[PDB]
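Below: target-v3.pdb (PDB, C-alpha atoms (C1' of nucleotides))
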```
ATOM      1  CA  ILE A   1     -41.290 -19.000  25.117  1.00  0.00           C
ATOM      2  CA  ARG A   2     -43.858 -16.651  26.621  1.00  0.00           C
ATOM      3  CA  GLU A   3     -42.726 -13.572  24.758  1.00  0.00           C
ATOM      4  CA  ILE A   4     -41.743 -15.778  21.815  1.00  0.00           C
ATOM      5  CA  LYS A   5     -45.485 -15.920  21.341  1.00  0.00           C
ATOM      6  CA  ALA A   6     -46.478 -12.572  23.023  1.00  0.00           C
ATOM      7  CA  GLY A   7     -44.395 -10.148  20.950  1.00  0.00           C
ATOM      8  CA  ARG A   8     -41.014 -11.495  19.987  1.00  0.00           C
ATOM      9  CA  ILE A   9     -38.139 -11.089  17.522  1.00  0.00           C
ATOM     10  CA  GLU A  10     -34.511 -12.365  17.636  1.00  0.00           C
ATOM     11  CA  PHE A  11     -30.915 -11.815  16.393  1.00  0.00           C
ATOM     12  CA  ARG A  12     -28.719 -14.075  14.207  1.00  0.00           C
ATOM     13  CA  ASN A  13     -26.252 -12.459  11.793  1.00  0.00           C
ATOM     14  CA  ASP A  14     -26.212 -14.815   8.794  1.00  0.00           C
ATOM     15  CA  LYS A  15     -23.096 -16.125   6.957  1.00  0.00           C
ATOM     16  CA  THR A  16     -21.360 -12.825   6.343  1.00  0.00           C
ATOM     17  CA  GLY A  17     -22.817 -10.303   8.788  1.00  0.00           C
ATOM     18  CA  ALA A  18     -26.554  -9.816   8.243  1.00  0.00           C
ATOM     19  CA  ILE A  19     -29.627 -10.121  10.386  1.00  0.00           C
ATOM     20  CA  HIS A  20     -33.315 -10.327   9.473  1.00  0.00           C
ATOM     21  CA  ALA A  21     -36.322  -9.548  11.696  1.00  0.00           C
ATOM     22  CA  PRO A  22     -39.605  -7.644  12.198  1.00  0.00           C
ATOM     23  CA  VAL A  23     -39.998  -4.186  13.825  1.00  0.00           C
ATOM     24  CA  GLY A  24     -43.531  -2.802  13.047  1.00  0.00           C
ATOM     25  CA  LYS A  25     -46.569  -4.855  11.747  1.00  0.00           C
ATOM     26  CA  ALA A  26     -48.069  -4.354   8.241  1.00  0.00           C
ATOM     27  CA  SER A  27     -50.447  -1.398   7.830  1.00  0.00           C
ATOM     28  CA  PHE A  28     -50.002  -1.069  11.604  1.00  0.00           C
ATOM     29  CA  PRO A  29     -49.483   2.466  13.027  1.00  0.00           C
ATOM     30  CA  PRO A  30     -46.463   4.172  11.432  1.00  0.00           C
ATOM     31  CA  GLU A  31     -45.346   5.421  14.831  1.00  0.00           C
ATOM     32  CA  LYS A  32     -45.566   1.819  16.093  1.00  0.00           C
ATOM     33  CA  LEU A  33     -43.332   0.640  13.303  1.00  0.00           C
ATOM     34  CA  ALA A  34     -41.002   3.446  14.388  1.00  0.00           C
ATOM     35  CA  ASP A  35     -41.059   2.133  17.992  1.00  0.00           C
ATOM     36  CA  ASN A  36     -40.191  -1.455  17.314  1.00  0.00           C
ATOM     37  CA  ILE A  37     -37.744  -0.188  14.704  1.00  0.00           C
ATOM     38  CA  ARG A  38     -35.699   1.872  17.198  1.00  0.00           C
ATOM     39  CA  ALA A  39     -36.191  -0.828  19.857  1.00  0.00           C
ATOM     40  CA  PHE A  40     -34.405  -3.301  17.644  1.00  0.00           C
ATOM     41  CA  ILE A  41     -31.968  -0.463  16.841  1.00  0.00           C
ATOM     42  CA  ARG A  42     -30.845  -0.586  20.409  1.00  0.00           C
ATOM     43  CA  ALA A  43     -31.175  -4.333  21.070  1.00  0.00           C
ATOM     44  CA  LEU A  44     -28.769  -4.703  18.226  1.00  0.00           C
ATOM     45  CA  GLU A  45     -26.493  -1.729  19.021  1.00  0.00           C
ATOM     46  CA  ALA A  46     -26.118  -3.478  22.343  1.00  0.00           C
ATOM     47  CA  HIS A  47     -25.380  -6.997  21.120  1.00  0.00           C
ATOM     48  CA  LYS A  48     -22.692  -5.284  19.020  1.00  0.00           C
ATOM     49  CA  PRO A  49     -19.543  -7.401  19.634  1.00  0.00           C
ATOM     50  CA  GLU A  50     -16.503  -5.546  21.083  1.00  0.00           C
ATOM     51  CA  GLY A  51     -14.546  -6.876  18.134  1.00  0.00           C
ATOM     52  CA  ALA A  52     -15.851  -4.285  15.688  1.00  0.00           C
ATOM     53  CA  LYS A  53     -13.261  -2.087  13.975  1.00  0.00           C
ATOM     54  CA  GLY A  54     -14.804   0.858  12.139  1.00  0.00           C
ATOM     55  CA  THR A  55     -18.254   1.702  10.839  1.00  0.00           C
ATOM     56  CA  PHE A  56     -20.169  -0.958  12.705  1.00  0.00           C
ATOM     57  CA  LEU A  57     -23.848  -0.469  11.986  1.00  0.00           C
ATOM     58  CA  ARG A  58     -23.630  -0.967   8.287  1.00  0.00           C
ATOM     59  CA  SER A  59     -26.300  -1.471   5.635  1.00  0.00           C
ATOM     60  CA  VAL A  60     -29.451  -0.528   7.571  1.00  0.00           C
ATOM     61  CA  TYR A  61     -32.340  -1.839   5.516  1.00  0.00           C
ATOM     62  CA  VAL A  62     -36.015  -1.768   6.025  1.00  0.00           C
ATOM     63  CA  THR A  63     -37.859  -3.491   3.258  1.00  0.00           C
ATOM     64  CA  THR A  64     -40.804  -5.783   2.974  1.00  0.00           C
ATOM     65  CA  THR A  65     -41.001  -9.505   2.567  1.00  0.00           C
ATOM     66  CA  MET A  66     -42.174  -9.217  -0.966  1.00  0.00           C
ATOM     67  CA  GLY A  67     -42.226  -5.483  -1.501  1.00  0.00           C
ATOM     68  CA  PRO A  68     -39.940  -2.478  -1.761  1.00  0.00           C
ATOM     69  CA  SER A  69     -36.579  -1.992  -0.021  1.00  0.00           C
ATOM     70  CA  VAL A  70     -34.497   0.924   1.158  1.00  0.00           C
ATOM     71  CA  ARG A  71     -32.216   1.846   4.012  1.00  0.00           C
ATOM     72  CA  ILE A  72     -33.046   3.915   7.029  1.00  0.00           C
ATOM     73  CA  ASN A  73     -31.261   5.971   9.694  1.00  0.00           C
ATOM     74  CA  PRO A  74     -31.354   4.111  13.114  1.00  0.00           C
ATOM     75  CA  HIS A  75     -31.055   7.657  14.309  1.00  0.00           C
ATOM     76  CA  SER A  76     -33.674  10.436  13.835  1.00  0.00           C
TER      77      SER A  76
ATOM     78  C1'   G B   1     -46.570 -31.934  -1.084  1.00  0.00           C
ATOM     79  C1'   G B   2     -42.052 -33.680  -2.470  1.00  0.00           C
ATOM     80  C1'   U B   3     -35.797 -34.162  -1.271  1.00  0.00           C
ATOM     81  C1'   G B   4     -31.887 -33.135   2.313  1.00  0.00           C
ATOM     82  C1'   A B   5     -27.355 -30.792   6.126  1.00  0.00           C
ATOM     83  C1'   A B   6     -30.772 -26.868   3.150  1.00  0.00           C
ATOM     84  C1'   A B   7     -36.214 -24.417   0.078  1.00  0.00           C
ATOM     85  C1'   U B   8     -38.311 -24.246  -3.843  1.00  0.00           C
ATOM     86  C1'   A B   9     -42.741 -17.533  -5.606  1.00  0.00           C
ATOM     87  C1'   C B  10     -41.264 -12.950  -5.773  1.00  0.00           C
ATOM     88  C1'   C B  11     -39.130  -9.448  -3.095  1.00  0.00           C
ATOM     89  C1'   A B  12     -34.445  -8.300   1.171  1.00  0.00           C
ATOM     90  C1'   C B  13     -29.302  -8.185   3.365  1.00  0.00           C
ATOM     91  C1'   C B  14     -24.795 -10.192   2.353  1.00  0.00           C
ATOM     92  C1'   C B  15     -20.259 -13.083   0.461  1.00  0.00           C
ATOM     93  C1'   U B  16     -17.133 -16.338  -3.902  1.00  0.00           C
ATOM     94  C1'   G B  17     -15.519 -15.489  -8.755  1.00  0.00           C
ATOM     95  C1'   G B  18     -15.634 -12.174 -13.408  1.00  0.00           C
ATOM     96  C1'   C B  19     -17.215  -8.135 -16.488  1.00  0.00           C
ATOM     97  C1'   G B  20     -19.069  -2.865 -18.039  1.00  0.00           C
ATOM     98  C1'   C B  21     -18.194   2.643 -16.428  1.00  0.00           C
ATOM     99  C1'   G B  22     -17.027   6.197 -12.627  1.00  0.00           C
ATOM    100  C1'   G B  23     -12.981   8.872  -7.837  1.00  0.00           C
ATOM    101  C1'   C B  24      -8.764   7.737  -6.006  1.00  0.00           C
ATOM    102  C1'   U B  25      -3.522   5.888  -6.779  1.00  0.00           C
ATOM    103  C1'   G B  26       0.840   2.504  -8.020  1.00  0.00           C
ATOM    104  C1'   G B  27       4.053   0.351 -12.626  1.00  0.00           C
ATOM    105  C1'   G B  28       5.426   1.267 -17.428  1.00  0.00           C
ATOM    106  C1'   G B  29       7.311   2.850 -23.537  1.00  0.00           C
ATOM    107  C1'   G B  30       7.593   6.321 -26.955  1.00  0.00           C
ATOM    108  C1'   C B  31      10.276  12.446 -30.183  1.00  0.00           C
ATOM    109  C1'   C B  32       9.809  16.660 -28.704  1.00  0.00           C
ATOM    110  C1'   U B  33      11.757  21.067 -25.859  1.00  0.00           C
ATOM    111  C1'   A B  34      12.481  26.104 -23.922  1.00  0.00           C
ATOM    112  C1'   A B  35      15.449  25.025 -17.582  1.00  0.00           C
ATOM    113  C1'   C B  36      20.185  22.280 -17.517  1.00  0.00           C
ATOM    114  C1'   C B  37      25.460  19.658 -19.557  1.00  0.00           C
ATOM    115  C1'   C B  38      28.479  19.422 -23.389  1.00  0.00           C
ATOM    116  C1'   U B  39      28.332  22.667 -27.100  1.00  0.00           C
ATOM    117  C1'   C B  40      30.553  25.659 -31.923  1.00  0.00           C
ATOM    118  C1'   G B  41      35.333  23.464 -35.338  1.00  0.00           C
ATOM    119  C1'   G B  42      37.927  30.304 -36.534  1.00  0.00           C
ATOM    120  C1'   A B  43      31.144  34.432 -33.894  1.00  0.00           C
ATOM    121  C1'   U B  44      26.039  36.320 -28.259  1.00  0.00           C
ATOM    122  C1'   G B  45      22.854  32.534 -33.795  1.00  0.00           C
ATOM    123  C1'   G B  46      23.766  26.782 -35.535  1.00  0.00           C
ATOM    124  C1'   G B  47      24.997  21.790 -33.337  1.00  0.00           C
ATOM    125  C1'   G B  48      24.818  17.115 -29.812  1.00  0.00           C
ATOM    126  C1'   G B  49      22.608  15.189 -25.026  1.00  0.00           C
ATOM    127  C1'   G B  50      18.219  16.813 -22.738  1.00  0.00           C
ATOM    128  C1'   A B  51      14.416  16.712 -17.793  1.00  0.00           C
ATOM    129  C1'   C B  52      18.838  13.019 -17.698  1.00  0.00           C
ATOM    130  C1'   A B  53      22.152  13.979 -15.471  1.00  0.00           C
ATOM    131  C1'   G B  54      24.565  16.877 -13.198  1.00  0.00           C
ATOM    132  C1'   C B  55      23.287  19.351  -8.911  1.00  0.00           C
ATOM    133  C1'   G B  56      20.623  21.206  -2.694  1.00  0.00           C
ATOM    134  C1'   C B  57      18.279  18.176   1.186  1.00  0.00           C
ATOM    135  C1'   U B  58      16.246  13.708   3.102  1.00  0.00           C
ATOM    136  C1'   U B  59      16.392   7.777   2.362  1.00  0.00           C
ATOM    137  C1'   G B  60      18.847   3.108   2.408  1.00  0.00           C
ATOM    138  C1'   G B  61      23.131   0.341   1.993  1.00  0.00           C
ATOM    139  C1'   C B  62      28.312  -1.592   0.658  1.00  0.00           C
ATOM    140  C1'   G B  63      31.999   0.083   2.950  1.00  0.00           C
ATOM    141  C1'   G B  64      39.295  -0.386   6.086  1.00  0.00           C
ATOM    142  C1'   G B  65      40.295   3.076   2.025  1.00  0.00           C
ATOM    143  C1'   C B  66      39.851   6.230   6.523  1.00  0.00           C
ATOM    144  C1'   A B  67      39.029   7.829  12.429  1.00  0.00           C
ATOM    145  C1'   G B  68      38.715   7.047  17.881  1.00  0.00           C
ATOM    146  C1'   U B  69      38.714   2.706  21.944  1.00  0.00           C
ATOM    147  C1'   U B  70      38.559  -1.492  23.830  1.00  0.00           C
ATOM    148  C1'   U B  71      40.734  -7.239  23.006  1.00  0.00           C
ATOM    149  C1'   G B  72      39.856  -9.008  32.447  1.00  0.00           C
ATOM    150  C1'   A B  73      42.104 -11.432  37.214  1.00  0.00           C
ATOM    151  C1'   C B  74      43.891 -15.054  39.513  1.00  0.00           C
ATOM    152  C1'   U B  75      48.222 -18.182  38.688  1.00  0.00           C
ATOM    153  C1'   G B  76      54.950 -21.159  43.851  1.00  0.00           C
ATOM    154  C1'   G B  77      57.263 -16.083  35.842  1.00  0.00           C
ATOM    155  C1'   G B  78      54.215 -14.507  31.065  1.00  0.00           C
ATOM    156  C1'   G B  79      51.605 -16.857  27.969  1.00  0.00           C
ATOM    157  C1'   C B  80      49.278 -21.763  26.356  1.00  0.00           C
ATOM    158  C1'   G B  81      46.608 -24.658  30.269  1.00  0.00           C
TER     159        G B  81
END
```
Could you rewrite the structure in this file as structure tokens?
Amino acid sequence: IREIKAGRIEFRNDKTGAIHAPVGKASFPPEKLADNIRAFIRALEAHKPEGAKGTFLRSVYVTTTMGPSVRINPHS
RNA sequence: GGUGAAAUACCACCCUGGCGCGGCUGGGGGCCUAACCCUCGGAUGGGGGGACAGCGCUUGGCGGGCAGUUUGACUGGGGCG
């Protein structure tokens, strides 16, 4: 619960394979956004079920609640 | 707020079902015609078929027409038992 409040985020692929979560506060330091971004990258990459069969990490989108939307490379 | 298993804004990811156009690729129906077959009926040019079917290889399958084997031992015979 501690971190839940302290600095949390969670996983939960919806109906057909999608997750939703935060990885870098609003105006907040770009680099910071980068950090939580990649952090989730991994967290996820890890949770990745052994039952995958092909291009696992699919549609990688970063977008805003009510704002723009576009994919990103969980890599560089 | 309100209603339920669910929130109602706009902006995300993603599925069900159908349309537009764009890469791939499968099916299919049309004369032609130069390879090719037959051609020509008295001439190397005309005629009829024409991408088929001939035909080379690879595929699958009917398949006695054929080939080569086999279809046991005991048991007061063999076999049948």
Distance-based interface of chain A with chain B, 8 Å, counting all atoms listed in the file, as a PyMOL selection string: chain A and resi 15-20+59+61+63-69
Using C-alpha atoms, can you export the residues from the last selection as a PDB file, keeping the file's coordinate frame?
```pdb
ATOM      1  CA  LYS A  15     -23.096 -16.125   6.957  1.00  0.00           C
ATOM      2  CA  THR A  16     -21.360 -12.825   6.343  1.00  0.00           C
ATOM      3  CA  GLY A  17     -22.817 -10.303   8.788  1.00  0.00           C
ATOM      4  CA  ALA A  18     -26.554  -9.816   8.243  1.00  0.00           C
ATOM      5  CA  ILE A  19     -29.627 -10.121  10.386  1.00  0.00           C
ATOM      6  CA  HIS A  20     -33.315 -10.327   9.473  1.00  0.00           C
ATOM      7  CA  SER A  59     -26.300  -1.471   5.635  1.00  0.00           C
ATOM      8  CA  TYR A  61     -32.340  -1.839   5.516  1.00  0.00           C
ATOM      9  CA  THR A  63     -37.859  -3.491   3.258  1.00  0.00           C
ATOM     10  CA  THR A  64     -40.804  -5.783   2.974  1.00  0.00           C
ATOM     11  CA  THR A  65     -41.001  -9.505   2.567  1.00  0.00           C
ATOM     12  CA  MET A  66     -42.174  -9.217  -0.966  1.00  0.00           C
ATOM     13  CA  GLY A  67     -42.226  -5.483  -1.501  1.00  0.00           C
ATOM     14  CA  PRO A  68     -39.940  -2.478  -1.761  1.00  0.00           C
ATOM     15  CA  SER A  69     -36.579  -1.992  -0.021  1.00  0.00           C
TER      16      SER A  69
END
```
Between CA of residue 75 in chain A and CA of residue 55 in chain A - distance in Å to one decimal: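 CA of residue 75 in chain A lies at a distance of 14.5 Å from CA of residue 55 in chain A.
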Shell of 12 Å around residue 8 in chain A, all atoms listed in the file, local chain residues under 2 positions omitted, as an NGL selection string: :A and (1-6 or 10-11 or 21-25 or 36 or 39-40)
Between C1' of residue 59 in chain B and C1' of residue 29 in chain B, distance in Å (one decimal):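 Rounded to one decimal, the two atoms are 27.9 Å apart.
Rounded to one decimal, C1' of residue 60 in chain B and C1' of residue 37 in chain B lie 28.3 Å from each other.
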Option closest in space to residue 62 in chain A, from A:37, A:28, A:48, A:12 [counting all atoms listed in the file]: A:37
Polymer residues at most 7 Å from (-32.4, -2.3, 13.1) by only C-alpha atoms (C1' of nucleotides), as a ChimeraX atom specification: /A:37-38,40-41,44,60,74
Keeping C-alpha atoms, export the residues of the selection given above as a PDB file, in the frame of the given file.
```
ATOM      1  CA  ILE A  37     -37.744  -0.188  14.704  1.00  0.00           C
ATOM      2  CA  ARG A  38     -35.699   1.872  17.198  1.00  0.00           C
ATOM      3  CA  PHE A  40     -34.405  -3.301  17.644  1.00  0.00           C
ATOM      4  CA  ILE A  41     -31.968  -0.463  16.841  1.00  0.00           C
ATOM      5  CA  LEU A  44     -28.769  -4.703  18.226  1.00  0.00           C
ATOM      6  CA  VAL A  60     -29.451  -0.528   7.571  1.00  0.00           C
ATOM      7  CA  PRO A  74     -31.354   4.111  13.114  1.00  0.00           C
TER       8      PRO A  74
END
```
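For residue 38 in chain B, the residues within 12 Å (counting all atoms listed in the file, excluding itself and residues fewer than 4 positions away along the chain) are residues 47, 48, 49, 50, 53 and 54 of chain B.
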